[PDB]
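In: I would like the atomic coordinates for the input below:
(3 chains, ligands or ions: 16)
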Amino acid sequence: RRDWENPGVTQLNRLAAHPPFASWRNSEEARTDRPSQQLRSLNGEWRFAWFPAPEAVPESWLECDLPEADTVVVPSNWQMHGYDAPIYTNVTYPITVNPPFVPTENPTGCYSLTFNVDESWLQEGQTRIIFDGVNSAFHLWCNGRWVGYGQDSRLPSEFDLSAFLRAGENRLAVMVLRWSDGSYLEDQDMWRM
Amino acid sequence: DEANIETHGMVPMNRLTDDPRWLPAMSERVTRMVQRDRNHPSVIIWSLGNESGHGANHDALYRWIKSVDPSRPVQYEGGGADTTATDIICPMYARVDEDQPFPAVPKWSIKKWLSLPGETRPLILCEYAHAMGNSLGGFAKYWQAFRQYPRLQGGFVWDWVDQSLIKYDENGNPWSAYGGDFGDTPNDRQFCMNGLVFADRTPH
Amino acid sequence: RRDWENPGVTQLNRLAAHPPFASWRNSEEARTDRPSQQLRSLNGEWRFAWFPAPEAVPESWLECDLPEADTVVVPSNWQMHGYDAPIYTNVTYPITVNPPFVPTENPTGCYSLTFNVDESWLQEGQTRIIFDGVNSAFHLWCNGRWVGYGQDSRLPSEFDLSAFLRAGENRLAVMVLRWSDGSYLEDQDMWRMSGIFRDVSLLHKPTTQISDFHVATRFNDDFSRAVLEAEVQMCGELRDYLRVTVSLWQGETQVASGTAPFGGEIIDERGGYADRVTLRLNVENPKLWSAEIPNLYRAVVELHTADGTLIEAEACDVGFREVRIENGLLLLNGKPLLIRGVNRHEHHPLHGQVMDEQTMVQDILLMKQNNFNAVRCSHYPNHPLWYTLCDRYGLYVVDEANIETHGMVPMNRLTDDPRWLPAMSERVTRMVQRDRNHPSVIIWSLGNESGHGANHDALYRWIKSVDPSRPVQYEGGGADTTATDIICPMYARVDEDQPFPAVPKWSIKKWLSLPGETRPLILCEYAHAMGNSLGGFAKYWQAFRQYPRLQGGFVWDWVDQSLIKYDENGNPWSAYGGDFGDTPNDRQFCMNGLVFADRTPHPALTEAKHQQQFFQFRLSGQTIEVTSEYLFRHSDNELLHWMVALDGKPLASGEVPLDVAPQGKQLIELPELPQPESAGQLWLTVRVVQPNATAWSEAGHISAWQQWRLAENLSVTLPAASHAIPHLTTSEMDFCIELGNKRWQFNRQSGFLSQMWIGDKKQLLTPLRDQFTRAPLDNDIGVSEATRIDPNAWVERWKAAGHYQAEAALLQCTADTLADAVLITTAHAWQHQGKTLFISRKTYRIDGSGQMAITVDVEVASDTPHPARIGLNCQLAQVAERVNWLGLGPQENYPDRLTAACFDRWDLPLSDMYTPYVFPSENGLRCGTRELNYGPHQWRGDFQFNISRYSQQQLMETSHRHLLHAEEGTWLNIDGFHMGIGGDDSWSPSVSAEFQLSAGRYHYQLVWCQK
Ligand SMILES: *[C@@H]1C[C@@H](O)[C@@H](O)[C@@H](CO)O1
Ligand SMILES: *[C@@H]1C[C@@H](O)[C@@H](O)[C@@H](CO)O1
Ligand SMILES: [Mg+2]
Ligand SMILES: [Mg+2]
Ligand SMILES: [Mg+2]
Ligand SMILES: [Mg+2]
Ligand SMILES: [Mg+2]
Ligand SMILES: [Mg+2]
Ligand SMILES: [Mg+2]
Ligand SMILES: [Mg+2]
Ligand code: NA
Ligand code: NA
Ligand code: NA
Ligand code: NA
Ligand code: NA
Ligand code: NA
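Out: Residues are numbered from 1 along each chain as shown, chains lettered A, B, ... in the order given. Ligands and ions are numbered 1, 2, ... in the order given. Shown next is the structure:
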């Protein structure tokens, strides 16, 4: 579907936006703004591989780690790790102007993470993942099954992972597109990463 | 707090923002921001984005905000800095005394702008005093005007920190790079360095 | 992907919306609006198969025809072909409310068409397909390959098939989903149907083409000069040799023409639109457009090269007119409008929601003939031809986005939600893009009954911003929200407030003046015309004329949404909600029109015609003052006819030509009125006749009328000494009276006249008894259900009080002989649960002349609900061919709905005295009657009456007119007083106090004699 070349599709299966949540289960903690056991961070070491276009991504990657991937820190901008060049252009778009299309050679960052989920989170309630910032668009899969898609590099994209996880280890796979129809709305005078 | 919408490179600049087919995407960038940030007292004004001309999508979005959150004014500089999509005259680089009468989107002297026939809004520059390199000459002239005129309520200097990036030489020594230093082209060279402080926060 | 359960996907691969195109390749054809060889209709015979869900559709279907499929006509609604039942539900959604999901069992219509395509369409240019209407969502494939998807059942969806077609035979496959997330925005109170119900066409455009064009007309202060501004956009490769010429024609005369290369003015720091250009043409003394005189020009837009070669041409009709709101008034060409409007659904009793030109024309003519000047597209953009016809015939139109979410709780649950902003925006933006060049469209509406949410505020500003030429209105959320330029309530009463919390409906007169309010008020819906209704219609009209800011309204509604069903013998009958097995359903509530489904008028239409007249009259002595309510035209096709009659007998008449300027007055002096020779009341009637035929009426058309009583000479002439004296025969059980060959029998235990004979012929089948009830009207019923009684409705109050069950108890029955007559005296009480509801005292005086004088005095307990009527009734033994009376008519009229009727001598076949409302009820009354004739009987007095082959009992026990059966004889109901019918709304008591029978004591008198 090339959702990334359609301003009519800015997301798929994304949850409604809302003020910062932490789902405290102790009120005094909520009063003092202390860490909540219900809001966990997935930042740290992830697996990442770079491809020149989405078409080059192997299907194996959805179900299994690519051996060639490297381990890198997240959050990060892939240009900062040297996988491709960051570009500094002020007004002129860094891509040919032909909305809503983007180049066929479109740098694609394949990120994945194997992580644990305690059964307690799965026995009751809802487990959602929150990506505070992904530039510029992306598809998400969990344990090989597709969950959803998102655009707008500067707002959080949230998805309900409740029906996709299992107790113990789980693996996320995030295919991130450098260019998308959202890029047409992201022409700020700054480095393009 | 400003929506992630800038389509500066379009010709004319409002080509997308005046196109209803782009209303949905723009809409999500403005509504999702308000939904997330509306309980922060530090946010006092909402902005519809930057340099995307003035299109009807702006007017619809301006109204949506006015509707959902009457507590904070809405501003937007595109299309001339004083359109119907802004509660505040918010030009970028309008000079203190000198007019720059560009066609369609003139940049009037700020003192003169306030009193144009029928005008009554406050004026706060969204960008002024471009701090690129050895600059900030004439800074005091703005301040003197802001203090003498009630409706000149100040501005946002352009900008805080140079967007320089660190590169390493043959010897492994770090150096400050700018546009084109990564083999990027086309590029706008040093134009990305306009701050009051260097990228490491040392003041200029 | 289940794109039909995601409000974020309203289409895929669909092309931009734009005004009506035809891609002519000859300018004169464009000028004349002739058929274009580049616009083909694909309407006709298609293949179709129905499936219970999209999952059951065979993949084979994409590649080739399903054998099981049938051949059917397109456009159509598949329910009208019998594939599934149409459903009639008003507010409650027809599917479970669980947005954005729809039922798994989702009726799916698989249509396909094999057709040819000429290589000349493919060798160059673009070939697109256009679906003017698909209900409610669909996927499209061409030659087996997937093309795109579309939602919004009321606007065209277009797709480029250029790369998918091949010269020769081709096959389209369209899978239509009955339900989709779009349905949540389509909860209009009408039949729920589905299918490809509006036109399907192929349009060929050149690669370098006109992709959009907007036309504006601005004027000077007195409208004596105008500027026509035409903005034109193109697609394709720009080249310096390209040009656009826009020329303006008034008939065959070229009024103006301008040519320019592409390249608009600078808009911002990045420049201007290199792919657009604006042409401005000056027009001196333009002929202005209005509903009164729909003057039109033709605009032709040619895209060509500098050397003069035409690439293509597009065109439109142009109406020079300005609409603006100023100082609280809606002005058209600077004059304040008075909207005589009606809401009109696209409904055909045989074809469902498929519209055709003949039906449209028929509606427009009847509308105009009935003094309407405006229509509200309730509640979605209409088939495109509709606008062309309004522009040319002349009607003011309110164009409304297809958005209604009435079934949500609360009403604005979706419209206040930003996730639904995108879907809603397309419903508004695409309508504007399509219809903005039509002069008949004067106001945009954001939809209907969707509460008031922030999405409405955003879309209200979008409109104001792209098209300042027309005001924006919207009723939701209280009728006077920030999303409306006009206060446009539904069913707000004239004088009576209905202070509901949050969304009160104030008296319109008071609403205007609430603190801080300054806008004009035009009801988006009023005078609910369900069944026997329109009671109090004059009250609205009187207020609209008295209050400048009360600028009219749209009656609800034009046509009953009944559908045709066939019985065992194959005969047709009119069906409503539930009649197709649909449930839940809202039964008859889909029938609220001024006309029946087949366009035959209901009696209410004539009341509408009269109150909406364009000429007002006053009489002073021999002087008649005629005032014109036209804003623009002189009465150049009108003559005033007048006639003076004495009790029905013509005394004199004449005619005078009308020559009144818009808003002017004309005095006409009548000639000396020669005294008359007999007692009686002289009545003056005037009528305005249009001698010449017009585009909407025939020569002789009567457009207005009025009557006045003139002198009356009361009869003081003492009868004449009867030739004989009636004889009284008393027996244990009866008082009989004999006179000549006539006999009357009064039963002593019942206290009623049980039989009357002419010679040996009995004249009654049922005795003559008082009657205090009526077969309930729709307005009497309200929402009351046997399964869910509304205790506040009139019918429920009457039931509960025992009105329909009360039995007559005799209190007295005596007989006396007078010098020349026999006098019978009776008294009866009607009781229920031990309470006396009514007491009826009467005298029957039978004299030597054979006349029977009946005097009736009734008492009605103060604490019982006011009764439906106070009269007598009986079943006559005979059936006669005609009914002749001296009273108000000729059509059915009631206390609160009799202004249009005239006092005169009328004579109609008996069946005309019965009004076949689909849902039967009390009907066919005539009021203000001084003499009634039927067979050899005559009744004289000052009463109201109805006469037919159906008892009230039957009418009240029957739900559909097709099941009524003529009883033996003729049922006659003669009322001293009858309650009004109401209709301000039909779900709450709406009869005004002044029309309720609350006086407590009532008197009436009648004379029954032979003729
Ligand atoms: C105002 C907008 C900002 O993003 C920069 O482009 C600045 C000039 O450096 O102008
Ligand atoms: C106003 C809205 C319309 O669709 C109908 O529901 C009418 C009542 O029959 O009220
Ligand atoms: Mg997209
Ligand atoms: Mg703990
Ligand atoms: Mg495991
Ligand atoms: Mg910029
Ligand atoms: Mg350069
Ligand atoms: Mg959808
Ligand atoms: Mg409704
Ligand atoms: Mg009258
Ligand atoms: Na100041
Ligand atoms: Na810069
Ligand atoms: Na008025
Ligand atoms: Na209805
Ligand atoms: Na005349
Ligand atoms: Na009935």
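In: for residue C:11, see how far away the nearest residue to residue A:157 once chain neighbours are set aside is.
Out: Among residues not flanking residue A:157 along the chain, residue A:150 sits closest, at 3.5 Å (C-beta to C-beta, 6 or more residues apart in numbering or on different chains). (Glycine included, C-beta is placed from N, CA and C.) Remark: distance between residue A:150 and residue C:11 (C-beta to C-beta, to the nearest Å) = 20 Å.
In: so for the two, which sits in the more crowded spot?
Out: Using other C-beta atoms under 10 Å in any protein chain shown, the more surrounded residue of residue A:150 and residue C:11 is residue A:150, with 25 against 19.
In: hang on, the residue nearest to residue A:157 in a helix?
Out: No - with DSSP: H, G, I helix; E, B strand; the rest coil as the criterion, residue A:150 is assigned strand and is not in a helix.
In: can you tell me the residue of chain A closest to ligand 12?
Out: Going by C-beta to the ion, ligand 12 is nearest to residue A:189 of chain A, at 4.5 Å.
In: I figured that residue hits residue A:94, correct?
Out: No - contact criterion C-beta atoms under 8 Å: residue A:189 and residue A:94 do not qualify, at 11.7 Å.
In: which SS state does residue A:28 fall under?
Out: Per three-state DSSP, residue A:28 ends up helix.
In: no wait, residue A:138
Out: With three-state DSSP as the basis, the three-state label of residue A:138 is strand.
In: and the closest residue to it other than its chain neighbours, what element?
Out: Spatial nearest neighbour of residue A:138, chain neighbours left out: residue A:176 (4.4 Å); criterion: C-beta to C-beta, 6+ apart. For residue A:176, the host element (DSSP states H and E) is strand A:168-177.
In: partner strands of that strand, parallel or antiparallel?
Out: Sheet pairing for strand A:168-177, assigned by DSSP bridges, gives strand A:108-117 (antiparallel), strand A:137-142 (antiparallel).
In: so what touches whichever helix or strand comes after it?
Out: Next along the chain after strand A:168-177, taking DSSP H and E as the criterion, comes strand A:190-192. Strand A:190-192 is contacted from outside by A:79, A:86-89, A:94, B:163, B:165, B:192, using C-beta atoms under 8 Å, 6 or more residues apart in numbering or on different chains.
In: report the two of the residues you listed separated the most.
Out: Using C-beta to C-beta, the contacts of strand A:190-192 span at most 15.8 Å, a distance reached by A:94 and B:165.
In: residue A:80 contacts residue A:74, correct?
Out: No - the pair residue A:80 / residue A:74 is not scored as a contact, 11.6 Å apart, by C-beta under 8 Å.
In: pretty sure residue A:55 is in a strand, no?
Out: No - counting by three-state DSSP, residue A:55 is not found in a strand; it is helix.
In: which residues does whichever residue of chain A sits closest to ligand 9 contact?
Out: Closest approach between chain A and ligand 9, counting by C-beta to the ion: residue A:16, at 27.0 Å. Going by C-beta under 8 Å, 6+ apart, residue A:16 touches B:35, C:419.
In: can you put the contacts of strand A:190-192 in JSON lines and add distance to ligand 13?
Out: Formatted as JSON lines, those follow (distance: C-beta to the ion, whole Å):
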{"residue": "A:79", "distance to ligand 13": "68"}
{"residue": "A:86", "distance to ligand 13": "67"}
{"residue": "A:87", "distance to ligand 13": "65"}
{"residue": "A:88", "distance to ligand 13": "65"}
{"residue": "A:89", "distance to ligand 13": "61"}
{"residue": "A:94", "distance to ligand 13": "61"}
{"residue": "B:163", "distance to ligand 13": "64"}
{"residue": "B:165", "distance to ligand 13": "70"}
{"residue": "B:192", "distance to ligand 13": "64"}
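In: relative to ligand 1, which of those residues is nearest.
Out: In terms of C-beta to the nearest ligand atom, no member of the contacts of strand A:190-192 lies closer to ligand 1 than residue B:192, at 8.1 Å.
In: pull up the residues of chain A that are close to ligand 6.
Out: Residues of chain A lying close to ligand 6 (C-beta under 5 Å from the ion) are residue A:189.
In: about what we covered before: surely the residue nearest to residue A:138 meets residue A:134?
Out: Yes - between residue A:176 and residue A:134 there is a contact under C-beta under 8 Å: 5.8 Å.
In: what sits against the residue nearest to residue A:3 when sequence neighbours are not counted?
Out: Of all residues not flanking residue A:3 in the chain, residue A:9 sits nearest, at 4.4 Å (C-beta to C-beta, 6+ apart). Applying C-beta under 8 Å, 6+ apart, we find residue A:9 in contact with A:1, A:3, A:149, C:8-9.
In: ramachandran angles for residue A:9?
Out: For residue A:9, the backbone dihedrals are phi -120, psi 100 (criterion: degrees, to the nearest 10).
In: ok, residue A:3 next?
Out: Per-residue torsions, residue A:3: phi -60, psi -20 (degrees, to the nearest 10).
In: name the nearest residue to the closest residue to ligand 6 within chain A, sequence neighbours excluded.
Out: Shortest chain A-to-ligand 6 distance, computed as C-beta to the ion: residue-wise this is residue A:189, at 4.2 Å. In this structure, residue A:189 finds its nearest non-sequential neighbour in residue A:90, 4.5 Å apart by C-beta to C-beta, 6+ apart.
In: what does residue A:19 give?
Out: Nearest residue to residue A:19 in three dimensions, chain neighbours excluded: residue B:39, at 5.1 Å (C-beta to C-beta, 6+ apart).
In: ok, now how distant is the one you found from ligand 5?
Out: As judged by C-beta to the ion, to the nearest Å, residue B:39 and ligand 5 stand 39 Å apart.
In: up against ligand 15, what does chain A have?
Out: With C-beta under 5 Å from the ion as the criterion, chain A does not meet ligand 15 at any residue.
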